[PDB]
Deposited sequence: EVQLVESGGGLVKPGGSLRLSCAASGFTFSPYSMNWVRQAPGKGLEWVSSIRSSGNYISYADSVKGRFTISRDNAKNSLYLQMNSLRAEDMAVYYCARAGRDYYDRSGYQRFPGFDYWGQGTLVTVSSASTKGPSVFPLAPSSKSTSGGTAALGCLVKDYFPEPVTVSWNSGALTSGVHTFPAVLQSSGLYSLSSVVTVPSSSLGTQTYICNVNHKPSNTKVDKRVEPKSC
């Protein structure tokens, strides 16, 4: 029904400036107040900002000060966050979320429900390091259920990396294992999918948005 998809993000240099977008489907945008939330790695949730359409009411976190601006296009059903002058503390997964409509109780006190619909999130990475593309290599079928193949994604910074199998319709036990931070600072990921031993060609579609690298490989017996 209702899905909020967040675009943008990637690698930003210290002091660099980054705009983000949140496209919305399934609900009319203006009546609902829309907010931005961030969670730092190994840290708790933090609220960045909120926008309200009625009076263009804008609220920002205390930590964001003159460097972040929140914009909403109700006709486009989209939410924007422009981030300028960025530091390491601003490195986090940023979520766009819809908030329930505030209501007045019988006494007339206003009560605000909270964040019924969230998004998948986008990661902003604040390093002074260059983006490096991944190298997608096949994993020949395993030797032991003998029913699992996979693909290897080597030496990619910064993450995320999205790892697909065939057209993405295949949901037959795909496991995208967590990546490793090597001493080089590059990440390496391995995906494996359980497949019938009796058997169809299988292609792993690897997409790295930060490196502009989209690679699909077919794993062969």
Exercise. In sequence order, which deposited residues have no C-alpha?
Worked result: 144-147, 204-206, 229-231
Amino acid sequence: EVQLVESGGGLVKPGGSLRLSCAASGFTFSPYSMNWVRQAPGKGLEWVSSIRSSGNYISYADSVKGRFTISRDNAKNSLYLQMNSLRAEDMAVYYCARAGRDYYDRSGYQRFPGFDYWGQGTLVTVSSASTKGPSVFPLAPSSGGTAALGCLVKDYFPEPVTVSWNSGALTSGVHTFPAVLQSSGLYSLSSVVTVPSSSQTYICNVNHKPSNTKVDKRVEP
From here on, numbers count along this sequence of modelled residues.
Exercise. When the C-alpha temperature factors are averaged for each of 65-73 and 166-174, which stretch ends up with the higher value in the entry?
Worked result: 166-174
For this session: Name the higher of the two by mean Cα B-factor in the PDB entry, 133-141 versus 104-112.
Result: 133-141
Seminar exercise, completed: When the entry's CA B-factors for 28, 184, 188, 59 are compared, the highest one belongs to 184
Exercise. What third of the chain, by the recorded C-alpha B-factor, contains residue 42?
Worked result: middle
Exercise. For residue 48, does the deposited CA B-factor place it in the lowest, middle or highest third of the chain?
Worked result: lowest
Exercise. If you rank the chain by CA B-factor, which third does residue 206 end up in: lowest, middle or highest?
Worked result: highest
Seminar exercise, completed: Binned into thirds over the chain's modelled residues, the C-alpha B-factor of residue 17 lands in the middle
Problem set entry | Among modelled residues of the same chain, the CA temperature factor third for residue 219 | highest
